[PDB]
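*Asks:* Chain order of the listed sequences is A, B, C, D, E, F and G.
Offset between the first sequence (1-based) and the authors' numbering: plus 440.
Offset between the second sequence (1-based) and the authors' numbering: plus 304.
Letter by letter, the third sequence follows residues 5 to 261, 265 to 624 of the authors' numbering.
Offset between the fourth sequence (1-based) and the authors' numbering: plus 1123.
Letter by letter, the fifth sequence follows residues 13 to 748, 766 to 954, 958 to 1074 of the authors' numbering.
Letter by letter, the sixth sequence follows residues 978 to 987, 993 to 1074 of the authors' numbering.
Letter by letter, the seventh sequence follows residues 8 to 46, 54 to 69 of the authors' numbering.
Beta carbons: idealized from backbone N, C-alpha and C, even for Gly.
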Amino acid sequence: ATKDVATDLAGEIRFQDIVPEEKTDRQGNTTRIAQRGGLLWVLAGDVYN
Amino acid sequence: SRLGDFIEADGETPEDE
Amino acid sequence: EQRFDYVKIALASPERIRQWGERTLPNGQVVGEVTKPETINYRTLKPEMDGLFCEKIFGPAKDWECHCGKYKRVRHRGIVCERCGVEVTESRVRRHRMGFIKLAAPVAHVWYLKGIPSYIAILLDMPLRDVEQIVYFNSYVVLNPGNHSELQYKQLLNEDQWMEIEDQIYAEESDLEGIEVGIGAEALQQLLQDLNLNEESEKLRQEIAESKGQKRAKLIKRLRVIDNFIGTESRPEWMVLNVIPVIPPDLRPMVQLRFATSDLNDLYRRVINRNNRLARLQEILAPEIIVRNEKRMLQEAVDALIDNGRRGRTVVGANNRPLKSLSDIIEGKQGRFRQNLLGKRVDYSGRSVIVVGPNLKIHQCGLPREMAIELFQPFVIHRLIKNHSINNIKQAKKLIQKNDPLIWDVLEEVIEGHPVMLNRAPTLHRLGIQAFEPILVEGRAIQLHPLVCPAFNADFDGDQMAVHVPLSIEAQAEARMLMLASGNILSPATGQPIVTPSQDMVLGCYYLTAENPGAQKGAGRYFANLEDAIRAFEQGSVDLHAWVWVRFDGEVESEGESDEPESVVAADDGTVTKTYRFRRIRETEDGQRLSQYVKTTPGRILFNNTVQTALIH
Amino acid sequence: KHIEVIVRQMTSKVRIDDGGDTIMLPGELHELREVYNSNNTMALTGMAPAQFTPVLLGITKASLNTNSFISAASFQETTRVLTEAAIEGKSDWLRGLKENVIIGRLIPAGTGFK
Amino acid sequence: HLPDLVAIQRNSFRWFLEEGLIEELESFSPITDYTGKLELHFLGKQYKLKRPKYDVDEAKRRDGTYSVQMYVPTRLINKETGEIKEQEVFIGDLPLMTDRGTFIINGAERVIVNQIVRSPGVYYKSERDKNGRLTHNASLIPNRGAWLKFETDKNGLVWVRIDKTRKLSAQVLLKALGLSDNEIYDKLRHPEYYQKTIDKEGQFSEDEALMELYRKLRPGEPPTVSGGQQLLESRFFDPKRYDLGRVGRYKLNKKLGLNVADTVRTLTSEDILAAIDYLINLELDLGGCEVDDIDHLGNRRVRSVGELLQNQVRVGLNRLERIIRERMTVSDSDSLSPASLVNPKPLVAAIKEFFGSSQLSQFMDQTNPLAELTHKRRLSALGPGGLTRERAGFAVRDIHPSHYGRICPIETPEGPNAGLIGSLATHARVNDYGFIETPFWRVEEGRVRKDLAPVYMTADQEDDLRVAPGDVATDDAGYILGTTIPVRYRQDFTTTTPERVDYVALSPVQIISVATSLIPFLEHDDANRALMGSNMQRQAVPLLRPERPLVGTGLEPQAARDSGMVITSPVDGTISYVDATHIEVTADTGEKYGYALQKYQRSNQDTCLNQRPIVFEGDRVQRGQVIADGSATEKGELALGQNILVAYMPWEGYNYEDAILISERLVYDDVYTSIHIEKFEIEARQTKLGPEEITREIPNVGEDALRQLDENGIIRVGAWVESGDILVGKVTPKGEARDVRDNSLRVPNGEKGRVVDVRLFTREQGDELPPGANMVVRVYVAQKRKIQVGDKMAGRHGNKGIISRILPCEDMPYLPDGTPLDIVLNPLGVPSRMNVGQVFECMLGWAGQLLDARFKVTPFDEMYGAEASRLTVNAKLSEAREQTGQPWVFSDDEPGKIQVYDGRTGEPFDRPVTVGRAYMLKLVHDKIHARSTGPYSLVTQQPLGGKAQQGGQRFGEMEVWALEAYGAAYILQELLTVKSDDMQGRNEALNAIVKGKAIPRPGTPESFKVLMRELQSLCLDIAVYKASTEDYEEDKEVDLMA
Amino acid sequence: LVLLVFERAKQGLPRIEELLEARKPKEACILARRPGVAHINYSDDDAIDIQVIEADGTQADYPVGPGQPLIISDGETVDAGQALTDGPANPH
Amino acid sequence: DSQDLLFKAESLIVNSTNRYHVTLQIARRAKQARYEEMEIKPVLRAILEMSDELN
Ligand SMILES: [Mg+2]
Ligand SMILES: [Zn+2]
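1. For E/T1009, does the count of other Cβ atoms within 10 angstroms reach 16, so buried, or fall short, so exposed?
2. Quick one: is E/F919 buried, meaning 16 or more other Cβ sit within 10 Å of its Cβ, or exposed?
3. What does C/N430 pair with, by DSSP beta-bridge criteria?
4. I'd like to confirm the pairing. Which residues does DSSP put opposite C/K106 in its beta bridges?
5. State the Cα-Cα distance for the pair C/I83 and E/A1000, rounded to the nearest angstrom.
6. Give the secondary structure of E/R834 by DSSP, where H, G and I count as helix, E and B as strand, and everything else as coil.
7. Would you kindly check if the distance between the Cβ of C/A500 and the Cβ of D/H1125 is under 8 Å?
8. Per the DSSP calculation, E/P937 is bridged to which residue(s)?
9. I'd like to know if the region 48 to 64 of chain C and the region 86 to 98 of chain C are in contact, where contact means that at least 3 CB-CB pairs between them fall below 8 Å.
10. Just curious, the alpha helix (DSSP H) that E/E338 is in, first and last residue?
11. Does any heavy atom of ligand 1 sit closer than 7 Å to the C-beta of E/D820?
12. At a CB distance below 9 Å, what residues from the region 241 to 271 of chain E approach chain A? Give them in sequence order.
13. Mark G/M45 as exposed unless 16 or more other C-beta atoms lie within 10 angstroms of its C-beta, in which case mark it buried.
14. Starting from the Cα of C/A577, find the closest Cα among C/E596, C/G339, C/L429 and give me that residue.
15. Relative to the alpha-carbon of D/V1178, which residue among D/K1136, D/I1230, D/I1129, D/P1231 has its alpha-carbon at the smallest distance?
16. Is C/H71 near ligand 2, in the sense that its beta carbon is under 7 Å from a heavy atom of that ligand?
17. Would you verify that the beta carbon of D/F1192 is, or is not, closer than 8 Å to some beta carbon of chain C?
18. Less than 7 Å separating the Cβ of C/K351 from some heavy atom of ligand 2?
19. Cβ closer than 8 Å: which chain C residues qualify as neighbours of D/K1213?
20. Nearest by alpha-carbon distance to A/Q456: which of A/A484, A/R476, A/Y488, A/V487 is it?
21. Would you say the beta carbon of E/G824 comes nearer than 7 Å to a heavy atom of ligand 1?
22. Return yes when the Cβ of E/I196 is within less than 8 Å of the Cβ of E/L285, no when it is not.
23. If we ignore side chains and look at the alpha-carbon of each, how far apart do C/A14 and E/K1068 end up?
24. Expressed to the nearest angstrom, what Euclidean distance is found between the alpha-carbon atoms of C/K219 and C/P131?
25. Which residues in chain E have a C-beta closer than 7 Å to the C-beta of A/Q475? List them in chain order.
26. I need the residues with a C-beta less than 5 Å from some heavy atom of ligand 4; please give them in chain order.
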């Protein structure tokens, strides 16, 4: 099964030990899959669009 | 429900014979 | 002993349709062809003479009365009039005689054209699209290759291609002879007449022998259809209609409330109008396109008559709703088979709300007087005529209408011993209909025994039941011997009991037979027998849940007991008194039992005594 | 037993894979017992028997394969069944409950058994 | 903070009158003929309205329509001569909406239901193949017109499917629109995805684009550039064949992020290009794109009488314009005036059809004010433009998390309509676009700002905020108490710190409807039983003397002020005249106000619409004080049932499975007795033999049955009519003096009562009689019904029952003071149905009786304590015990139970039982029916169905199966032939029964012969055969039809 | 932020109607055709195929396919008709 | 009494080995009874007689 995890703090993402690997779909869809299970930190802030 | 199911038939009622 | 044995269905030939509709007159004139699309006259409200409701074809509108009024009364039976030639007989024949419509040009039966297996296409070995195009005047077909080199038998020709062929055939130097093309259902009829079934069968069998795969399956289907036609001795061109039958007018009634008319009248009028216009166009030598368009219109009208919306657009009525054609009558949940043949509205039936009758027996039901006096009216009339001074049926009916006191006595002495069937609206299993014996009750609700509610899945919060009454002796005997509620104990689906007490009965029995340490007034007292204990409880000497001892000799089943005697005491004799947890048995030394005292609750004594009294009596 | 009766109404047919000297053409669904009896009498006289494959029908496909067109036309697909019966020239001998019910005779079950 | 409860029905008609009819008149105003010589202008901004004729009450009593006449000024302009013949033309008759939100059509009250439909705009969806990837499609749906479907293939291709035809690559559509490559390349954000389609399908130019578009849309015709251009213009660009709507434009701009003006309501190049770009981005997962949910209340709209009327008016106007053009070009002379040019028949017909024969205009539910109120607040998903019963499935009939505070999750029908008809919530309202909104209070730093005004919000708006329910508890001023607070964020339930809460619902009853808001102790009930109780509260019957509940909920005075049957004084003065039919109040210093009261009228459901005064003569009255009350109200507020003594215990089997045992006091104290008025009608027609006459010269009748006729053949007002009694005497001229025949109207079997009104309508009197009739007589008969065995009784908590016994008051259990009970209910039905709230109300009602008080408990009252309902009930019972002085009222060992004795023997039951005061209702509906022999159907000759025509009970095929399983053959054969349609065996069976002989054997029923005839008429040679006995004989075809 | 992919493990009228109508269940379990041994054969690309060795030594090469048909077969004693994966078997 | 008839009915259903056949016999008997009596209800008398004949 699958489940989406979504942040509740607005800010800058920072990997920690996460090693993404790019798997390119036949249409060019570059899906980032983590080879090494780590942490995705969010450093809080005010994000402007 | 249709109109044709609310119309009686011409004849002699079994009772009236 | 039976009138008919088997029902046979075959492909209708035009000769059979004409026979169904053509009947001769004493004058020698034959009738049965509907020529005018007229139903009834607006002023006299009398059917026309050559229309869809004609009396010379279908029968007199009024029994034993002529159309013109020359002959009236029964005296003239079988006397066909001379002024208008109508047969003075019963009007009932208007729902048996058919009559027919002769078509200027042949049409195709849509059932054999537009079906999951297309029998016309299968026999002709042509794709359905090509056959439809030929039928509806969108392409020509080469009925005969003749002498041309690039033309093959049964080949579709476009209008431009046919014009080019025409130019080739009308060239002064053309050796081309014997080429034939056709368009419409006439071309299909010619192709169907060309088929030689015996040779086609032999060729298909030989080809099937040297074949496999999907080719084999298709040739198998063709061979099956061809062999069916060979066996039935029916010509395949009968799938193309030259005459059509007309349904009897009483099966498409045109009653007056305004006039309410069946959609079949409109469909038949469309067919007749287009057929007459086609005949006129063929009589004045109209341009070919106009005649072909009229033929297409006739084909579409017959299609809409046989099955509306199967092939083309759906013919709507005055409001934007489809007209109900012949096919729509015999199919669906509202079709003839499921609405009138497999299930019917029956006489001698009632319906009312159900309440619980707790004092009734399992084989009895409570029937209100208002329902019963109507369900059993003929029986009440018979008993008033026979066992009283009532002379005729009218006097009995007026006596019933005035609610005479004698009426209720007669009804009460009529319904006794007369089983009546009760049914709940969702009948999921055979226990949804059960027979009871009626008891006249005052009210508007049917009193139902509480032990049959689980069988009916009925509760008293608005549920209603239907009541039917058997008439013949065989029916009453069957209801009493087979469908009676007192005989339906086990579930026919699992064999388990279905009349077990439930809800308040279970609660009452549980409370009676339970143990209550709080209230044990009079505990420990001994009683001579079950009746003595019950009498002591009835007075109030011993509480309901007290632990007393009763001298009961018999088989005892006590939960929470021990097979090992708790205390064994041998007296100054050869007698041992083994005291169990709930028993005290005195037994002779190397001997038999002398007495048995059971330690129990007066409620359990009451329960077991009730069971024993019911069984013994 | 209640489920067994239904399952035996669903698993009692066979598809004639390749007929021998039998009157059974390939593609036809026939009862296993009838096919067995025909094959037995056929090799009793010394002919070539037919091959077959058992089939699983279903609750609707088996109700439309009955020998009476009146029962099938009153169940589902009335026009298709009636067209097929007209083409085959079928005859119905009224040996079922739904057909003495439709015509109005004593049903051949229960007190109307004989 | 409850605003007008029936405002969804007013705002939509006020809108139609203000700017709904004007927009539709002006949209068709300039009518021009083909020669371009004459032009009709409809100055639709100046349409005046003529005052309604008759009156509301006159229309009701005359059986007419309450309407006005519409007159619009027009100007016919000759393009050359320039003569302009200004005039005012009659446009149609518009039925008017009364002060209560309803319409009066043909003398009957009708209501236009509200329809929940899908909103116009563009909706994206992703579909997954069995083995393939995700492919995305988009649907563009206007308010009225053709749909525009876009689809993405598995190879990366973009296809368009105009209408339901075959697909066509998007390049054809974009080039046919008149767009060069550079603009469609620039507007798109990721152009290589569309470049793949361009390469695969070839760059079409405009000419060939239109050629291919015409070829694919209309095959078989020679393509033509102009032909295609015109096809596109008529399909998506014609202002009178494609309308996005204001809501459609708003949704398109909101979704696609465009900026197009609100006035333009047709598809534009920008729109399609944007939609394609959004589809591409959704395919490539750009980040600001998302597929759509079609059940979301932000993608669904409500249409009411204004919109549906507008559409019908539009259709009528189109027909009128066609008629005008036809009767304008034909004229070879300019002798035409605007009065002689317009024909109001198509518009009148369209309006009449909408208001009389549509399935969105419905016969009013008028059993009580609650049913009337909830009939005007009903939302339907079915109708001309919604769903169908066979197409609606599981997904549509469920609750969507966006219904919170907008649609009640409880009140629905049961059966085929479950989930397809809903009810507006208590505080919900519909905005001017058509979306349901709901109010909230703002929360700043954890403080609820009730000083500021409620902020209303739609389903899509409240998806990014954290919204708290209305049951959260705040302290003094406004701060929210607690440390964790339940909130809704993005259609999910979570809990947050009360410093991150954005909005709070206004009330704890904001989630339910008005009928469900009237159930006290609702949070102690199951939802199914809450549904049952709310539905059954709208089937209660107004009683002879209504009475308020003792454990009311607080919304009763508001649920009765909107039905428009309670009269309140608008003036702070004195009352000078009181009467059964008139009230008058003199302002302290001012004019006199006078009110007339309806008396024993009749509703759509045969109940009574009485109105009685409350005040006395010379009484001081304040503004807003109740002056008169309706048939289901006591003093201001709703009163649908009565408070009676109840005990929860089993009787001797009379409580079994929802049955109800009551006392005889409910019969002789006139509790649960009601007035029902029925209407009978007789018609004097004109037959070909002659006319029909209403007179007392009835044949075959004696003077003992003409006592109460008024020497004109019609019964007299105030006469008691029993069953079969003649009401109107009529004679028909039969053809065979001794010639008249009797078909006088009589009371149906099982009906009796008093005659209260005999209205007569004849063409001479200036009445609109039917086409072929010459006299319409209507008779109204009233009766008083008491509670009896077989009637349905109900409570507010879902407990229904049928009365099975009525015991004399010396057989019913009685209290330790000698008071017999009024009703005994089975407790076996309480724990399995989880409607515990009925056990709370009873107890509180008991206290209310003992303390001479009335309690207003609001649902969800446990935000104040841990167990608020139980503590309040116990405290009230203890206070009643201390005030009364009787210790047996309340016991500490068993709080809700006291000792009860047996009226038959005088011995107390073993354990105390629960007794209290319960508020029970009497439900509507006449169901008892029986038949021996009566009328038969025309084709099949089978008995008719229906109580009103002596109908039979259907013996379906399930019953045939049941009889087959029993082995029954003779019962089945007798049912199928002799008792249904054996046309000759019926008479023989009846004659044998009457004479006492044996019933003969049956034959072939008539339905089989009908079927054989129909099959023969289908060109089938089906027949019945008798087999040959001997060898050399042929089988003989048997003739059934003889 | 991130889509987590994990694993998990554990009937009414539709099942009865599907069984009684002899319909082909969507998630049809893989069924063997002859006795043999059950080599799971965890390939490099996780090409799990149930190769069975006949009484003579003939392979079958049953492909498991996607991840939804979870394997439950490790008996190494399979017989004709024996199921291999989770789900309802196809009776036809 | 009704109970008596119910016991006699059950008694006849057993020892017959075919509930249908014995229902047909009861119907026939009751028919003959009423026929040769028109010259209690037929089915009831039929069941009484058949029970008393089973000894
Ligand atoms: Mg019920
Ligand atoms: Zn004549």
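*Replies:* For this structure:
1. buried
2. buried
3. C/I440, C/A473
4. C/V247
5. 47 Å
6. strand
7. yes
8. E/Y930
9. yes
10. 317 to 341
11. no
12. none
13. exposed
14. C/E596
15. D/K1136
16. yes
17. yes
18. no
19. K12, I13
20. A/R476
21. no
22. yes
23. 15 Å
24. 15 Å
25. None at all; the shortest Cβ gap to chain E is about 21 Å.
26. Of the ligands one can find in the structure shown, namely ligand 1 and ligand 2, none is ligand 4.
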